[PDB]
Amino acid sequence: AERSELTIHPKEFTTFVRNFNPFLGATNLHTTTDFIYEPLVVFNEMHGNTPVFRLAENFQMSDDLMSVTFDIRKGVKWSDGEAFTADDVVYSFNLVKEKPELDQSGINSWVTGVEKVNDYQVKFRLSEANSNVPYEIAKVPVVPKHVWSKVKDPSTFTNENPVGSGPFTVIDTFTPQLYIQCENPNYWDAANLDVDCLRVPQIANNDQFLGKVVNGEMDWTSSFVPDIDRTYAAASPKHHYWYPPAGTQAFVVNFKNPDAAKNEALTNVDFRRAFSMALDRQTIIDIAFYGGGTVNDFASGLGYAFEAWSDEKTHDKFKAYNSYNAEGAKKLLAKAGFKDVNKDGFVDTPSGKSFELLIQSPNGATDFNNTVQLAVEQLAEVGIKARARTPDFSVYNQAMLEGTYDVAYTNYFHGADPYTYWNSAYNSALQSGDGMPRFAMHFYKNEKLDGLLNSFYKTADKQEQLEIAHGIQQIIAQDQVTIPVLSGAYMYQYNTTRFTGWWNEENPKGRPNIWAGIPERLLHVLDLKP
């Protein structure tokens, strides 16, 4: 007699440290959000951000877009039996407010205050008009007041025995190499859930992963798999995958690099364009990603997923700078004044200084690693000296947060409209803060651009959104702020050996991936049956 264990892989680790604190995204385990702490609403981003109501049953914006009310579902219990109510929501937002350390999404710059209207209704007051704020609100973890009010210091609290609202709150097994997370005994949506436990094995990199997945040892994964047909697909007809289109991937350059020679090059827009034209994006896609991507030749990073949003006069004006043109790259370096003056074949800065660009991508992310090595070779052909680095994710991340890096290859989260990409990638407000992610850390700062970003949802009118879009697109393309390469894919592999009900090509219910930060994975696990 065997419980239905579902084997998932949301995040690389070399060893598991027991940490289920949903506010500490950089050091916690990646089954905490959604699976332990259910959100108020899941927005189905693949289906136009259609709201799927979970712990909330409704929300409504005020007419001036300066406040919003959430109705809380009745009958819901924490895993320890205690009732879930508006108090828990109000508490959670007050906690993040007082301790900005715990704000990983930037909610503190939208919500000025939160109040309980009654036991199942919460009101949010805004600092500024935002018709999209319910989406932002839904990113904040909601935790139980009767536990966290008694917590010491939440920013170091490891929360080893979690009390949660989600489907899997019980820590059945924990070891450095394996943990098993089982059904919440008081789960409100238990009738809808047919999986008994989440089984989470320790896997450090894509190499260790490839061995395990081809051998049929996984159920639900979202890792890069090299040569997936001959390696994994051909291993069994039970081995399936579905890779729908995802977000932008780019080389991001540090505008505040402390080295004089490097700073001179990186902050030069002719240099960023020459760098960009040296890249053979299609070769990166074919070789490093085995076809799993689309060329991104928008200087703004927009991508072909959102070409309806594109001001095509802006896109075509700067398109040439974001296509493969090695002769053009060499000519631009020459015109700009990046001349090789010490006879080694690599261009030097206008002030005569030699330099090498260190390009980083995360350890274990072999598709990104191979991308950077291909770029290093393509750059050398036009006389730009570069070297690849593959630091551990925490080191990669910290070096961006601190501004010590030169160039970083990174992907971005992908929304229902271009705002998820553009805001996270360019809003200068997101360049400061301990909880802040890496995405905005080039430290290019443009007050006009921030102004446009912060006004994107001042109205409900989508035609005025589209025009703000066009303004944003123009600013970023004009300055070639990053070097966009491709639009990636939501890599997703599923095994029909032990479970059915999977999302796929024929059943495209939403983003199918198992990563933290994909709230839809809650809704996906609810569709699975043994």
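One-based numbering along the sequence shown.
Between 127-135 and 326-334, the higher mean Cα B-factor belongs to 127-135.
Look at the C-alpha B-factors of 315-323 and of 274-282. On average they run higher in 315-323. Of the candidates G75, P362, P141, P167, it is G75 whose Cα B-factor is highest according to the PDB record. Set against one another, the Cα B-factors of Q493, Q473, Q480, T497 in the record reach their highest point at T497.
Ranked by C-alpha B-factor against the other modelled residues of its chain, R54 falls in the lowest third. In the PDB entry, a CA B factor belonging to the highest third of its chain's modelled residues is recorded for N454. Among the modelled residues of its chain, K462 has a C-alpha B-factor that falls in the highest third, as given in the PDB entry.
For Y241, the recorded CA B-factor ranks within the middle third of the chain. Only modelled residues enter the ranking. Per the deposited record, the Cα B-factor of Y412 falls in the middle third when ranked against the other modelled residues of its chain.
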